[PDB]
Amino acid sequence: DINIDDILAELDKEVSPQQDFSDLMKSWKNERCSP
Amino acid sequence: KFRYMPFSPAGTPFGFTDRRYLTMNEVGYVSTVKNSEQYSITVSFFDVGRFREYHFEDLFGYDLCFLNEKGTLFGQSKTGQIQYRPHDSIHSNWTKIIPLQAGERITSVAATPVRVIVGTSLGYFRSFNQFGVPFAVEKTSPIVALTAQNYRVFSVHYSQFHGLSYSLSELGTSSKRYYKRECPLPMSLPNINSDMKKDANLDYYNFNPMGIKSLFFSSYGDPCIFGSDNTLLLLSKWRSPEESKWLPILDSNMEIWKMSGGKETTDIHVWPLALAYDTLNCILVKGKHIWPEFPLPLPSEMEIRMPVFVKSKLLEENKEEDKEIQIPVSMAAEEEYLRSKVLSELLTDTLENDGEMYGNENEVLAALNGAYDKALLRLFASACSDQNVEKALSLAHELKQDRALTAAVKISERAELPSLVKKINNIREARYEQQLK
Amino acid sequence: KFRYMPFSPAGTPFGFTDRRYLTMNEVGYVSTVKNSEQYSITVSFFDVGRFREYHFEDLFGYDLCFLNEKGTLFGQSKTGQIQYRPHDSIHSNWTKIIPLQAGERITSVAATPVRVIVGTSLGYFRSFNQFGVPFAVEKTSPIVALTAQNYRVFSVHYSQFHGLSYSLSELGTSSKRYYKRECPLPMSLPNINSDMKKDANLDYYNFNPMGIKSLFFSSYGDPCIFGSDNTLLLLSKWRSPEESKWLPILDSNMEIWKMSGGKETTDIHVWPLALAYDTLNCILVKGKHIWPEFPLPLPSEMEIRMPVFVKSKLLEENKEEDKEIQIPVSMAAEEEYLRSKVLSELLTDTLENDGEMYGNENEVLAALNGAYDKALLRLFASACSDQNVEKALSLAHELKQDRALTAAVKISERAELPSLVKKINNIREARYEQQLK
Amino acid sequence: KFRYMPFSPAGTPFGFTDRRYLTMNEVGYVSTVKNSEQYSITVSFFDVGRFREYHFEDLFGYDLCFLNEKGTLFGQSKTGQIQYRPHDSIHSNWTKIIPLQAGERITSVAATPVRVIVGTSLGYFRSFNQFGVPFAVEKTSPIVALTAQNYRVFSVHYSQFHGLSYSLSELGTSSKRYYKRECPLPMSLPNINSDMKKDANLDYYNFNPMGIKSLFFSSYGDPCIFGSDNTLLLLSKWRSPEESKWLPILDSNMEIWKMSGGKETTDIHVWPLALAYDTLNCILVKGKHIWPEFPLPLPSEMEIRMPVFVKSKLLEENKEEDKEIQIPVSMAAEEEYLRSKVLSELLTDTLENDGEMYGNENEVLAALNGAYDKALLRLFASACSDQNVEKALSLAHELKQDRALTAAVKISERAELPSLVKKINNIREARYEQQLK
Amino acid sequence: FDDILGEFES
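Counting starts from 1 on each chain and goes along its sequence as written, which need not follow the entry numbering; residues with no coordinates are hidden. Lettering for chains starts from A, numbering for ligands starts from 1, and both go in the order in which the items are written. Summary scope: the chains shown constitute part of a larger assembly, and all values are computed over the shown part. Hydrogens are left out, water is left out, and the side-chain values use all remaining heavy atoms of the structure.

Per the deposited record, the coordinates in this entry were obtained by cryo-EM to a resolution of 3.5 Å.

Structure below.
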């Protein structure tokens, strides 16, 4: 049977302070463990 | 056989205990406890920032109660004694005792910001201002329930000799207006089950012989009621008497059946609280007694959905042990399109007459229209895949935006229906002309 | 088992006797006596000077009767024979026989200077001219009572499978217009009091299962009825069918109880005849025969008064004990203002639609306005004595004459409420602006 | 105790047999026969020149059926399965299953070229297009009968508590409009009578306890119904809000009684099919079984007639006696003037709102006016022969044509009523003056 | 206060 999920997807679709803290957490955790 | 009794919105019996809930609504709830020959009353609020919970003692044994965000009204059905309490201290409380004929009793009471209302078993209606000044007396069918939201008031009436009926009115300070007066009500009665089943829930039917579990206005003033069949009903098009109609918008039993994996967990009961837009506020009660107890359990939230499904068909479609049953995409899309349509119409009527409260509800209406076309496109594509050009073309008329019609053209191309591509483009050209006009 | 009946207003059973009354009203009364298998009918008047009293022998068993200022109409419910007798000899006495199905019977009849109506147990409505020429036939719920004034007709209908209901219509030269048709009636049936079936009562209710003593139009053309509740009910807003409502305007049990000094005497009853402005015209009946007897007593009068008092409180306030109770100023002013308001509103509707029917009603309305404001001033002064500023100010808004407002300023000064003085004069300024506009 | 049951228009019970008719109308009739654990269904037409008779085998037990000129609709009250068959091969047959609750059953169904409708015992209304595309769900009282015409739909409902009611509505292309919504319905009820326990009667009320036989729209789109008492009832003035009323327009029992020679031939029954102008299409059934038998008897026709008739007077006036009893000129003229007036008014309403549907109605209307004046002239001449000037003058006012008044003048002269001649000449002069305005 | 009422009567 005919698929339209892609047709619906293309039909339907028509730096921040939050992100920096996630990067800080990432850096902190990686720095603690690595040799 | 039937007999008249008092009521208040979503109270509980005493049961085996010395305490009970008198009433509940979105703002709060009221409870009381018996202390030998006296009673203690407590008033609770969900907006703990705006109000203070408090308590006081009653010597008179009130059995009626009504709440709003201005104050609380209390009554005694046999003695005719009543009391109104503002939530502020500044306006001191006041009391009165109302005349009653022999064996007559008060069945319900309600209040607006400036109006006070009382009803009785013998069908007498009496009304007073916020300082007890009498305004008028009227003789009607016996009243069984009352509710109000600002100046809009909704009433229910019942008689052996006149049937079941309802009224809708607006007590405008400019003028008082009636929209319906004791017109017939299509509600599902519980009497057959009470007479035959002998289920040991008889105490609830003694406590509520009408079996009307609760009633309230929506978050946008629509009249709503919850039936003894555990179904939610809403009155649409009330502004237009030749178009006004009752709509069944949610069946609780069907939800629990799916939630249980298609099983009969009759040990579970739903206690409604209030309607917030598209979502029911309710308590999920478990065990012998079909109503909640103290300390108050936390509420739940549940969305409305249209009654379209069938148990046997869904069992066949379905065929870890409690997993909720899987549904055909056709049913899901159909139900969504119906739900989107009804929601959009009700919201449109609200905006047309009363406007926006907050400044963004039009965006929800736009989202509903998008969901509506999206659901129709899935159903349309199914019809095209079945090669039913007649049904597919009939469905295409119901799509709104040319974006969706363009998608329908692509869908028709995938279905290899150039006749339908042609006729859709004829429709698109016709509707483009209508848009140019 | 229930059974339908023929009926005529304000007539009586026989009891065990050989005589009864067929119908009675403010113009006159119809009586009859049994002479073996023949009956003598007499038409009597409360103005026998204008209208000749006459009598004749009924060889037919006329069991239906209707009396007006032009003639008397008689009917036989089984044979369908009817006869009209003008009081003069300018118009002829004439007879006619109406078709009837097997087991069908004429239940009621009515006649005015412009229309004639017949009703049957099978719910058929038939209408004729003053010569008996037919106009139309219609099918309804079963008809149990009829009454008319000019082209205006009021009907009552009943079925176990359609309830108790009424119709209001005007049989105009343009067409028959329905104001209300088979709308539910808010009246207490006598059989609600099932346990009162004593022998003396049982004869009356076998004679009149509906219990209603009479039904008629007011002096101002408004429908009115008196039922087993021993209370006179009046239909308000009948000229505006969106707004219609029934009003309990006088309880005979309360009045006789008060008139006996606040006592439960089981010995006197009221037989209504007609309502003339504020006063019911009626016959006082005594003893077990709750229906009037022979010779007919002279007519009496009683004023309408609102049902706004408590028996126990009245006795305690009264505390020669047979003399009618001394009512407090508060209760008196309360009932006065309500009665003044009701009477003013009903008379306003009368004059705005039908004009002055007697040529003096403007004076009556002005007197009612004076009584209304004076009643409110008593209540206002009481509120000022209680120092409830808010209730006093609310009462000030309900006054109608600036003179009363000025008196309220003086009362407020005596009550030492300068805030109330200020706010009242703000109201007087606002009303002065309204008077300037 | 009572139980709700399904209905199809003019279908028969089985009797003591393996075969029955499912529904019958102006298009055709549907019949079925048992064949082992299956049934064979045949669709027959009264125009098999346009249509083709066809048949198929039913393995579902479709207990409901509806026929129109586009196709045939079939339904199963217990399983909820439905099926539509177009008569043409242009469009396909299709099936669907409706989501019935436990304890619910479909009571009746209907179909038009634009819509398909389903109703249930629990008062649920569901609507679809001719392909099965769903549109809406609505709640009423329990539905007991359905019929439709283009966009107009007429529904009947019943409750133990609300009684008997009807609704009239149009699914307009803009919106659904209610003309009347669950207003009370005035039909006679058979079952309380112990005489209904006759074998042939008892089978029908087991098959159809309502006692209705069929219901349909007129040849001008007005609701009609044929009930337990064998009277044809038509809703008049339905386009008028304050004038809509039910009219008893034909008593088939009276016609059988007269046409049999004034005789009680209860061995004859009438099965209704459709109404065309003043004449009803029907089957005349003879024997014990009140429903038509196998093979189907031939179509017959009967005229509508006003209920003027009295058996005793007609027997006396009449006094080979099986020949239809004589009717006096007075009765004939009275019945004609009533029937002419009724027909003219109904046809006037048709042309004012529906226009000329057939292209000859102005001619029928002109003939009706002539018949009306001529009938009144007969009654006028009778009044003049009685020398009743007032009755003759009142009848003269009812005449339309000045030509009729000219005839009335000449009749008055020969009746030797010069006062009536003068007064009619004044009327003729006044009418001519009015015509000159 | 009765004199203001007797006022209001006059």
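Novice: Teacher, can you tell me more about the pattern of salt bridges here?
Specialist: Close approach of charged atoms allows side chains of opposite charge to pair. Just to be clear on terms, a salt bridge is a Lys or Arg side-chain nitrogen sitting within 4 Å of an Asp or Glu carboxyl oxygen. Considering all chains together, one arrives at 57 salt bridges over all chains under this definition. For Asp354 of chain C, the salt bridge identified is with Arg152 of chain C, shortest N-O distance 2.9 Å. Only protein chains enter the accessibility calculation, which uses a 1.4 Å probe; a residue whose area is less than 20% of its type maximum is buried, one above 50% is exposed, and one in between is partly exposed. We classify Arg152 of chain C as buried; its relative accessible area is 18%. Where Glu9 of chain E meets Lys374 of chain C, a salt bridge forms, and the shortest distance between an N and an O atom there is 3.3 Å. Placement of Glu9 of chain E in helix α1 (residues 2-9) and of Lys374 of chain C in helix α5 (residues 361-386) is noted, with the two residues assigned to different chains. One salt-bridge network, in which partners are shared between bridges, spans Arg152, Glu170, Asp222, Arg239, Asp349 and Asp354 of chain C. Numbering of helices and strands runs from the N terminus, with a helix taken as a DSSP run of H or I at least four residues long and a strand as a DSSP run of E at least two residues long.

Novice: Just checking my understanding: could you explain the relation of the copies chain C and chain B for this structure?
Specialist: Copies of the same chain, two in number, are related to each other by a rotation about an axis and a translation along it. Copies overlaid by least squares; the fit is on C-alpha atoms. Turning chain C through 121° and shifting it by 0.3 Å along the axis lays it on chain B, with an RMSD of 1.2 Å. Such values leave the two copies arranged in the relation of a three-fold axis.

Novice: Quick question: what am I supposed to make of the interface of chain C and chain B here?
Specialist: Contact residues are listed per partner, giving 25 residues for chain C and 16 residues for chain B. A 1.4 Å probe defines the accessible area here, and the buried area is the portion of it lost by two parts on being joined, summed over both. Taken together, both faces of the contact between chain C and chain B bury some 1,900 Å²; the carbon and sulfur share is 60%. Connecting chain C to chain B are zero salt bridges. Any pair of N or O atoms that falls within 3.5 Å is considered a polar contact. Within protein, one atom must be able to donate a hydrogen and the other to accept it, and sequence-neighbouring residues count only if both atoms are side-chain atoms. In this structure, the connection of chain C to chain B is made through eight residue pairs in polar contact. Secondary-structure elements contributing two or more residues to the side of chain C that touches chain B are β15 (163-171), β20 (245-251), α4 (329-354) and α6 (389-397) of chain C. Under the convention adopted here, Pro, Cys and the residues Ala, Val, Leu, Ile, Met, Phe, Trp and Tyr are nonpolar, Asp, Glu, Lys and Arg are charged, and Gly plus all remaining residues are polar. Residues belonging to the side of chain C that touches chain B are distributed by class as follows: 15 nonpolar, four polar and six charged. Residues count as neighbours in contact if any of their non-hydrogen atoms are within 4.5 Å of one another.

Novice: Looking at this model, I keep getting lost on a nonpolar patch on the surface. Mind explaining?
Specialist: Judged by side-chain polarity, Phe21, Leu24, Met25 and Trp28 of chain A come together as a nonpolar surface patch covering roughly 450 Å² of accessible area. Position of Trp28 of chain A among the secondary structure elements: in helix α2 (residues 17-33). A patch is a set of surface residues, each over 30% in relative accessible area and not in a salt bridge, joined within 9 Å for like charges and within 5 Å for the nonpolar side chains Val, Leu, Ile, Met, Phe, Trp and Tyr. Here the accessible surface of atoms and residues is derived via Shrake-Rupley with a 1.4 Å probe, and residues count as covered only by protein chains that are part of the display.

Novice: Looking at this structure, I do not really get the side chain of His157 of chain B. What am I missing?
Specialist: All names here are of chain B. Structurally, the position occupied by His157 is in strand β14 (residues 152-159). Owing to a relative accessible area of 5%, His157 belongs among the buried residues under this scheme. Residue contacts for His157: discarding those within four places in its chain leaves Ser141, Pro142, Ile143, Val144, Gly163, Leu164, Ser165, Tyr166, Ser167 and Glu182.

Novice: Would you explain the interface of chain B and chain D in this entry?
Specialist: Note on interface size: it is often stated as the accessible area lost on association of the parts. Contact residues are listed per partner, giving 27 residues for chain B and 23 residues for chain D. Across the interface of chain B and chain D, roughly 2,200 Å² is buried in total on both sides, 55% from carbon and sulfur atoms. Applying the counting criterion to the chain B and chain D interface returns one salt bridge. Note that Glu242 of chain B is salt-bridged to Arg177 of chain D, the shortest N-O span being 2.8 Å. Between the two partners, chain B and chain D, sit nine residue pairs in polar contact. Among the elements of the structure, β15 (163-171), β20 (245-251), α5 (329-354) and α7 (389-396) of chain B are those that each provide at least two residues to the side of chain B that touches chain D. The dominant element in the side of chain B that touches chain D, judged by the number of residues it contributes, is β20 of chain B, at five residues.

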